[PDB]
Structure formats: structure tokens, C-alpha cells
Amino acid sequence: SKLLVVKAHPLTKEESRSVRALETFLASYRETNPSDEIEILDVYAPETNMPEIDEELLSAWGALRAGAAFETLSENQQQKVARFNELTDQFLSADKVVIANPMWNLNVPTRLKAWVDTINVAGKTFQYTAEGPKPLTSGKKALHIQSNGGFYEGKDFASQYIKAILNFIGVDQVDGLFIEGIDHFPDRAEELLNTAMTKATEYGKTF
């Protein structure tokens, strides 16, 4: 019932194949699951106030490990700490997650790594046990929508990373939708885009 949308592309559907496939997935998803809550997290939007692990955050977390009151932190630390935590709890609230990004230099875009930093939290999404770390979520589903220049066989670093992280925190069902290969064969744009658009709609009906 709650679908979190992580939009990890700075542009809109008109400029982006990742975002276009996201939008056709979501139209199909909404029509198929009219009662589901759909929450959008646009990690590039200025309004989102995306936290970044930085000096103030690392030190806020030390200051709290030590035992300062959340009120001994600067206004700007308390804000970052609380914003970071909002993002973790948002993930925890979601039954399903859809992530949309382009492949940029064989890794996730910077703001997508920043979002991943919020979902890997000891005592929140995973825990330390005598047998090693163990997930703290179960029953979540994820869909990774990503556009690549070339054809990777789901074997690119970015999609493997997203899957490993999601698997670590207990998201065992990870689907992919990859819009690939148009940069290599621009003359197959209509055909590849059509294939991707129909796969997006179909995920809308089954995810």
C-alpha cells in the first residue's frame, strides 16, 4: 500500500529516458493500485534539502554517541540529523520502492549515493548480531529503473550496488528495468524506447 518513489535524475520526462520510464510505470501503477499511497522523493530538488554526510553530520553523530543532548547541537546540525532520520524513517514506512536514475560513470549519481547513505543505518535497517549484521526489514519490494548508454547485462556496477544494498537491509525482491543501448545505436531509439515503455506499463500491473 505505500510506494516510495526515489527520483534520482535532475531532469524531467522530456529530457530523460529513466524519468520517462518512471512516469509510464507510475501511471500504470496508480491505475492498477488506486488505493496505494504514492510518495515522491526527488533527491535533486532544492526543496528536498538532501542531507550529505559531511563534517557537521559526522560530528553531530559523535556528539550524540558521546552524550550531548540533541539541543547542544547547532541549529544546522539538529536540522541535518533530523532530516537524515526523516529519510531513513520514510524508507522504513514504504512497502515498495521505485528508484530511477541514469548510469553516470559506471556508478550511481551523487544524490542517489546520498539517499543510499540514509537507508543503511545500524539499529534501523540492519543490526549487529553475534553471527554478523542482519537485516531489520522484511517483505519490501524494489524496482530499479535505470538508463545506460551501452548494453550491460544487469552486470554494471550501479545496478549491482543498488541490489547489494537493498539485499543487505532485507529487501530480497529487486526487479530491474534497464533502458539501454540507444547511445550505441541511435537509429534503434524508437524500437528500444517502445520496448522499455511497454515493460514499464507491465511492471505497473504486476509490481
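Note that residue numbering follows the sequence shown and begins at 1.
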With B-factors read from the PDB entry, the higher C-alpha mean of 57-65 and 137-145 is in 57-65
The stretch carrying the higher mean Cα B factor in the deposited entry, 82-90 or 128-136, is 128-136
Binned into thirds over the chain's modelled residues, the C-alpha B-factor of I38 lands in the highest
Among the modelled residues of its chain, the C-alpha B-factor of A21 falls in the third labelled lowest
Binned into thirds over the chain's modelled residues, the C-alpha B-factor of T118 lands in the lowest
Quick tally, chain-level thirds of C-alpha B-factors: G181 sits in the middle
Sorting the chain's modelled residues by C-alpha B-factor and splitting them into thirds places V171 in the middle
